[PDB]
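As stored in start-v4.tsv (TSV, C-alpha atoms and all ligand atoms):
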chain	number	residue	atom	x	y	z
A	6	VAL	CA	284.12	57.39	350.96
A	7	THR	CA	281.44	55.75	353.03
A	8	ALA	CA	281.07	52.17	354.10
A	9	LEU	CA	278.35	49.98	352.62
A	10	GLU	CA	276.32	47.16	354.10
A	11	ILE	CA	275.04	44.52	351.69
A	12	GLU	CA	272.68	41.77	352.82
A	13	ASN	CA	273.85	42.08	356.44
A	14	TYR	CA	277.53	42.00	355.36
A	15	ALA	CA	279.57	45.15	355.95
A	16	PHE	CA	282.14	46.49	353.51
A	17	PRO	CA	284.33	49.17	355.15
A	18	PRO	CA	285.54	52.18	353.14
A	19	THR	CA	289.18	51.02	353.03
A	20	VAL	CA	290.97	47.67	352.99
A	21	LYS	CA	294.50	46.40	352.89
A	22	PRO	CA	294.77	43.50	350.45
A	23	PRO	CA	297.39	41.05	351.70
A	24	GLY	CA	299.94	41.06	348.88
A	25	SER	CA	299.91	44.76	348.02
A	26	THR	CA	300.75	47.85	350.04
A	27	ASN	CA	298.67	50.42	348.15
A	28	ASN	CA	295.69	52.32	349.51
A	29	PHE	CA	292.22	51.18	348.49
A	30	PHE	CA	288.75	52.68	348.84
A	31	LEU	CA	285.34	51.06	348.43
A	32	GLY	CA	284.24	51.96	344.91
A	33	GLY	CA	280.98	50.08	345.22
A	34	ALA	CA	279.24	46.97	346.44
A	35	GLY	CA	276.22	44.96	345.44
A	36	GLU	CA	274.56	41.60	345.75
A	37	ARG	CA	274.82	38.86	343.14
A	38	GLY	CA	271.77	36.68	342.52
A	39	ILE	CA	270.39	34.20	340.01
A	40	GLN	CA	266.82	33.55	338.80
A	41	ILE	CA	265.51	30.07	339.66
A	42	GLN	CA	261.85	29.12	339.30
A	43	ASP	CA	260.26	32.57	339.72
A	44	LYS	CA	262.63	33.55	342.56
A	45	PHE	CA	265.80	35.68	342.64
A	46	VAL	CA	268.20	33.65	344.79
A	47	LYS	CA	270.93	35.86	346.24
A	48	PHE	CA	274.21	33.95	346.52
A	49	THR	CA	276.93	36.51	347.30
A	50	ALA	CA	277.65	40.08	348.36
A	51	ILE	CA	280.43	41.66	346.31
A	52	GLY	CA	282.61	44.61	347.24
A	53	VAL	CA	284.73	46.35	344.61
A	54	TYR	CA	287.69	48.30	345.96
A	55	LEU	CA	289.90	50.53	343.84
A	56	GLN	CA	293.36	51.89	344.43
A	57	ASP	CA	293.40	55.56	345.40
A	58	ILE	CA	295.06	56.55	342.10
A	59	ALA	CA	291.98	55.28	340.23
A	60	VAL	CA	290.03	58.48	341.04
A	61	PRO	CA	292.28	60.92	339.13
A	62	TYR	CA	292.62	58.44	336.27
A	63	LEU	CA	288.86	57.92	335.96
A	64	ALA	CA	288.03	61.55	336.74
A	65	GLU	CA	289.89	62.69	333.61
A	66	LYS	CA	287.81	60.55	331.28
A	67	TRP	CA	284.38	60.22	332.92
A	68	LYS	CA	283.73	63.62	334.52
A	69	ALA	CA	280.43	65.39	333.84
A	70	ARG	CA	278.27	62.28	333.34
A	71	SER	CA	275.42	61.25	335.62
A	72	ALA	CA	275.33	57.98	337.53
A	73	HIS	CA	272.56	56.83	335.19
A	74	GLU	CA	274.79	57.56	332.20
A	75	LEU	CA	277.88	55.79	333.53
A	76	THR	CA	275.88	52.65	334.39
A	77	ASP	CA	275.10	52.04	330.71
A	78	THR	CA	278.45	53.16	329.33
A	79	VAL	CA	280.30	49.90	328.70
A	80	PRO	CA	283.71	51.60	328.28
A	81	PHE	CA	283.36	53.14	331.77
A	82	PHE	CA	283.44	49.75	333.46
A	83	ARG	CA	286.07	48.38	331.06
A	84	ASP	CA	288.26	51.22	332.36
A	85	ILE	CA	287.49	50.19	335.93
A	86	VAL	CA	288.47	46.63	334.98
A	87	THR	CA	291.56	47.36	332.87
A	88	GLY	CA	292.81	50.72	334.19
A	89	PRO	CA	296.45	51.07	335.30
A	90	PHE	CA	295.66	50.66	338.99
A	91	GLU	CA	295.03	47.85	341.44
A	92	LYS	CA	291.57	46.44	342.07
A	93	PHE	CA	290.44	44.35	345.03
A	94	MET	CA	287.23	42.33	345.14
A	95	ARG	CA	285.64	40.80	348.22
A	96	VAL	CA	283.08	38.08	347.51
A	97	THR	CA	281.27	37.09	350.71
A	98	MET	CA	278.92	34.13	350.47
A	99	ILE	CA	275.29	34.62	351.45
A	100	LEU	CA	274.59	30.96	350.73
A	101	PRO	CA	277.16	28.19	351.16
A	102	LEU	CA	279.29	27.31	348.15
A	103	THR	CA	282.01	24.78	347.48
A	104	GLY	CA	285.16	25.93	345.73
A	105	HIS	CA	284.41	23.65	342.78
A	106	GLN	CA	280.93	25.16	342.41
A	107	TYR	CA	282.47	28.65	342.52
A	108	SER	CA	285.48	28.05	340.27
A	109	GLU	CA	283.56	26.13	337.60
A	110	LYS	CA	281.06	28.97	337.24
A	111	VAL	CA	283.96	31.44	337.18
A	112	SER	CA	285.72	29.14	334.70
A	113	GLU	CA	283.20	28.87	331.85
A	114	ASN	CA	282.34	32.57	332.00
A	115	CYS	CA	286.02	33.47	331.61
A	116	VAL	CA	286.77	30.85	328.94
A	117	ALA	CA	283.74	31.50	326.72
A	118	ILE	CA	284.08	35.30	326.67
A	119	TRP	CA	287.78	34.84	325.89
A	120	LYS	CA	286.67	32.92	322.81
A	121	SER	CA	284.54	35.99	322.01
A	122	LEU	CA	287.68	38.07	321.35
A	123	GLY	CA	289.85	35.27	319.93
A	124	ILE	CA	292.46	35.77	322.67
A	125	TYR	CA	292.10	32.24	324.14
A	126	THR	CA	295.63	30.82	324.06
A	127	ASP	CA	296.84	27.62	325.71
A	128	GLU	CA	298.33	29.92	328.38
A	129	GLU	CA	294.93	31.08	329.63
A	130	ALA	CA	293.93	27.42	329.85
A	131	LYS	CA	296.90	26.89	332.18
A	132	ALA	CA	295.86	29.97	334.15
A	133	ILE	CA	292.38	28.49	334.41
A	134	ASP	CA	293.83	25.16	335.50
A	135	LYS	CA	295.75	26.83	338.30
A	136	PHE	CA	292.71	28.91	339.28
A	137	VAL	CA	290.67	25.70	339.58
A	138	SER	CA	293.52	24.08	341.52
A	139	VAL	CA	293.41	26.91	344.07
A	140	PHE	CA	289.69	26.40	344.76
A	141	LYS	CA	289.55	22.60	344.58
A	142	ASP	CA	289.28	21.73	348.29
A	143	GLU	CA	287.87	25.03	349.58
A	144	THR	CA	284.43	25.39	351.11
A	145	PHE	CA	282.71	28.70	351.75
A	146	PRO	CA	280.02	28.78	354.46
A	147	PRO	CA	277.82	31.87	354.80
A	148	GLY	CA	279.97	34.82	355.81
A	149	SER	CA	283.22	33.44	354.38
A	150	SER	CA	285.01	35.47	351.72
A	151	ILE	CA	286.94	35.05	348.48
A	152	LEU	CA	289.43	37.87	347.97
A	153	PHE	CA	290.85	38.87	344.59
A	154	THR	CA	293.61	41.40	343.98
A	155	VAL	CA	293.93	42.45	340.33
A	156	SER	CA	297.32	44.04	339.72
A	157	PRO	CA	299.15	45.49	336.67
A	162	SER	CA	298.65	39.29	338.23
A	163	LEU	CA	295.72	37.83	340.17
A	164	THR	CA	296.16	37.23	343.90
A	165	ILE	CA	293.72	34.85	345.59
A	166	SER	CA	293.07	34.85	349.34
A	167	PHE	CA	290.45	33.13	351.47
A	168	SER	CA	288.82	34.00	354.77
A	169	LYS	CA	286.23	32.23	356.90
A	170	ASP	CA	284.60	35.63	357.57
A	171	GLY	CA	284.84	39.13	356.08
A	172	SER	CA	288.30	40.01	357.40
A	173	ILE	CA	291.30	40.18	355.08
A	174	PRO	CA	294.13	37.73	355.87
A	175	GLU	CA	297.69	38.99	356.11
A	176	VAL	CA	298.95	36.43	353.56
A	177	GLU	CA	297.36	35.38	350.28
A	178	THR	CA	296.80	31.78	349.19
A	179	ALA	CA	298.06	31.92	345.61
A	180	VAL	CA	299.14	34.26	342.83
A	181	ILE	CA	298.42	33.58	339.16
A	182	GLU	CA	300.61	35.62	336.82
A	183	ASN	CA	298.13	36.13	334.01
A	184	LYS	CA	296.72	39.50	333.01
A	185	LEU	CA	293.59	38.25	331.26
A	186	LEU	CA	292.52	35.97	334.11
A	187	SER	CA	292.98	38.75	336.66
A	188	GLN	CA	290.79	41.00	334.50
A	189	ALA	CA	288.18	38.39	333.54
A	190	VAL	CA	287.33	37.70	337.19
A	191	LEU	CA	286.43	41.36	337.70
A	192	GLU	CA	284.76	41.67	334.29
A	193	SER	CA	282.51	38.74	335.16
A	194	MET	CA	281.12	40.86	338.02
A	195	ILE	CA	280.96	44.47	336.76
A	196	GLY	CA	281.42	44.00	333.00
A	197	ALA	CA	278.94	44.28	330.16
A	198	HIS	CA	277.51	40.86	331.05
A	199	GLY	CA	278.38	41.39	334.71
A	200	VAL	CA	276.65	39.18	337.25
A	201	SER	CA	276.19	42.07	339.73
A	202	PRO	CA	274.23	44.91	338.13
A	203	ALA	CA	273.90	46.20	341.68
A	204	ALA	CA	277.67	46.52	342.09
A	205	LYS	CA	277.81	48.40	338.79
A	206	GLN	CA	275.17	50.91	339.94
A	207	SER	CA	276.99	51.34	343.23
A	208	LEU	CA	280.20	51.94	341.34
A	209	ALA	CA	278.47	54.42	338.99
A	210	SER	CA	276.82	56.31	341.85
A	211	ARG	CA	279.88	56.58	344.09
A	212	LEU	CA	282.59	57.35	341.49
A	213	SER	CA	280.61	59.99	339.61
A	214	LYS	CA	280.00	61.80	342.90
A	215	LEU	CA	283.70	61.45	343.76
A	216	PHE	CA	284.54	63.11	340.43
A	217	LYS	CA	282.88	66.17	341.99
B	1	LIG	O1	279.88	35.62	343.28
B	1	LIG	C1	279.68	34.71	342.49
B	1	LIG	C2	278.79	33.55	342.86
B	1	LIG	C3	279.13	32.33	342.00
B	1	LIG	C4	278.20	31.19	342.20
B	1	LIG	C5	276.86	31.35	342.53
B	1	LIG	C6	276.06	30.23	342.69
B	1	LIG	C7	276.59	28.95	342.53
B	1	LIG	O2	275.77	27.88	342.69
B	1	LIG	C8	277.93	28.80	342.19
B	1	LIG	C9	278.73	29.92	342.03
B	1	LIG	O3	279.13	32.66	340.61
B	1	LIG	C10	280.01	33.61	340.21
B	1	LIG	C11	280.61	33.59	338.96
B	1	LIG	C12	281.49	34.61	338.61
B	1	LIG	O4	282.08	34.58	337.41
B	1	LIG	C13	281.83	35.66	339.46
B	1	LIG	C14	281.28	35.75	340.72
B	1	LIG	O5	281.59	36.77	341.56
B	1	LIG	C15	280.32	34.71	341.14

Go ahead and express the file in the form of structure tokens.
Amino acid sequence: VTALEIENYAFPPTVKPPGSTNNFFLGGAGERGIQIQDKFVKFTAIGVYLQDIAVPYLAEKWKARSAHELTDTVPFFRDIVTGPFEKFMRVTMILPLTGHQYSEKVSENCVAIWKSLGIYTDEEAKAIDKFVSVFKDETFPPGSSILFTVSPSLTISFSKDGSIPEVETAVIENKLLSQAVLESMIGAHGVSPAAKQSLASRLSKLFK
């Protein structure tokens, strides 16, 4: 596939997440913004990479549907989130964020929606606690990146720019946390509609 450039940040077509050794391709990328006082403040640029094997898996079930169709289909993105393949997310900050600011916002989203499905055990709370522990002292100037590998486990890595380090920072062995992080971005209530549309556009075409 092709590379994508989002808000002056470049996402190449392939990456090598640090922990894994599988091949990944850029499924899509998009900005993430919030609405404050009449203005859409763009905070991050998100790149969603998928393991190569995701194309045959998704091609079987989502072939013959237009990009417009896939964007609305909620089960299409749930398959991207939960499929039996690795996912890698790059979150590059457009505006500066502290790790506490980032993890707290990640935290409530993940905890509340887990209460939606009545799957919130005391284990996920421990996963959340570790997640917050990873981010506690981190700071993320413009251009720095938060890297997530979602594996059938969540691997967390940090970079001061857009490059991928050779060694992660932490691994959290929880399947729901690893999935929630990605759901919070490209899910039904996903904070990056633009990443969803990029994913819809690029994967449907790949299915051809
Ligand atoms: O990429 C971001 C930005 C982050 C954020 C924005 C502004 C702010 O003040 C604090 C955090 O919120 C998020 C929350 C998520 O669940 C997943 C995400 O990818 C993100």

**Message:** Which residues are near ligand LIG 1 (chain B) - at most 10 Å, using all atoms listed in the file? Format: as an MDAnalysis selection string.
**Reply:** chainID A and resid 36:39 46:52 94:115 150:151 153 189:195 199:201

**Asked** By how many Å are atom CA of residue A:18 and atom CA of residue A:172 apart?
**Response**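 So the answer is 13.2 Å.
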
**Request:** For atom CA of residue A:88 and atom CA of residue A:131, quote the distance in Å rounded to one decimal.
**Result:** 24.3 Å

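Taking atom CA of residue A:207 as the reference point, atom CA of residue A:152 is found at 18.9 Å.
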
Could the centre and edge lengths of an axis-aligned box, enclosing all atoms of stretch 170-189 of chain A in the file with 4 Å extra on each side, be given in Å to one decimal as lines of an AutoDock Vina configuration file?
center_x = 292.6
center_y = 36.4
center_z = 344.4
size_x = 24.0
size_y = 17.2
size_z = 34.3

**Prompt:** Could you list as a PyMOL selection string every residue that has an atom within 7 Å of (286.0, 48.3, 343.0), using the file's coordinates and counting all atoms listed in the file?
**Reply:** chain A and resi 31-33+52-55+92-94

**Request:** Would you mind listing what lies within 9 Å of residue A:71 as JSON, numbers by chain, with all atoms listed in the file counted and same-chain residues fewer than 2 positions away left out?
**Result:** {"A": [68, 69, 73, 74, 75, 76, 209, 210, 213, 214]}
